[PDB]
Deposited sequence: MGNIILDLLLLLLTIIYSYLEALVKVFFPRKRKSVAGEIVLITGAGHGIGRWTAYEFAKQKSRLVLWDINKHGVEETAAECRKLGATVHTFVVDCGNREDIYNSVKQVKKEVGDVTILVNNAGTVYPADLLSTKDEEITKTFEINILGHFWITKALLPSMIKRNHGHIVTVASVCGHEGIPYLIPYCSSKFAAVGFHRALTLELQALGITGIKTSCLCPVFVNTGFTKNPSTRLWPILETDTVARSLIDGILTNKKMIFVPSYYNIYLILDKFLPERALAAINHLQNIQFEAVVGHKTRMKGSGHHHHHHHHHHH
């Protein structure tokens, strides 16, 4: 309420400059539904060339048909973004068919809500493999070309779960904290290496009504199109930590004072 009217005031008197992403080759994982699908529509309206990845073939082709109706060029690939071998083989395919990815959006995610003793060890493994390990394989495959050209943008889709824990979501919160840490260390390392042209953004939304989980963990709801608008607005202005809603940054700051 107090931050909501103060930030809207700061966005007019002190606006951040918007860059263009037209013609960029944007790779979005988990583009077959929810945040990934609606982020794809935002980049299609930005006149980007899209590469969409997902284990759900039907859904990613449905996202691609809608992006093409928006005027964009789109290539889809069925890729398990938690499988290292599949990711590397698919990067070879993208280079051969599309070119060098310039903007990577690591959005694919998985969750198996349960208290620690009711979890399956395979679900814990899959949570890490997709929510953080997969970011490493995809980033390692696409970063060389971005470094060579001094031009890229690594977007990590994490969660408020990457900043604060939640009961019954221990393995998921842990993998989301791992995603925030990967974004922070990546940001610092690129800067230490003198690589000025590669930007980084972390998207941390609260509960989004996508069916990913059933209900919010608190007495809080975000729509998918709002989160995609927040993400694209943050990417175009090179915002490093994007909270949706942005006022959640003060709740997290107050937690570090108790």
Note down, first to last, the deposited-sequence stretches for which the model contains no C-alpha atom.
1-14, 235-236, 275-315
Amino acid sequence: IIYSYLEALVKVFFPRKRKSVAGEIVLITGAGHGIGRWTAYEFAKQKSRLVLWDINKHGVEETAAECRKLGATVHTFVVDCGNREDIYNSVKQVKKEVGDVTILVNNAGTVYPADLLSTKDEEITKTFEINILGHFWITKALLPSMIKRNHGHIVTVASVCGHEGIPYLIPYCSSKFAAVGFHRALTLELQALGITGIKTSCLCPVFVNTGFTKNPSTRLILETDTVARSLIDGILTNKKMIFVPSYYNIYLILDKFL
From here on, numbers count along this sequence of modelled residues.
Looking at the deposited entry, does 198-206 or 65-73 carry the larger mean Cα B-factor?
65-73
Read off the CA B-factors in the entry, average them over 21-29 and over 239-247, and name the higher stretch.
239-247
When you compare the CA B-factors of 51, 55, 222, 40 as listed in the entry, which one comes out on top?
222
Per the entry's values, where does residue 113 land by CA temperature factor relative to the rest of its chain, in the lowest, middle or highest third?
middle
Using the temperature factors of the C-alpha atoms in this entry, rank residue 152 within its chain: lowest, middle or highest third.
lowest
Lowest, middle or highest third: where is residue 86 by Cα B-factor in its chain?
middle
How does residue 163 rank on Cα B-factor within its chain, lowest, middle or highest third?
middle
Consider only the C-alpha atoms of the modelled residues in this chain, order them by B-factor as the entry records it, and name the third containing residue 96: lowest, middle or highest.
highest
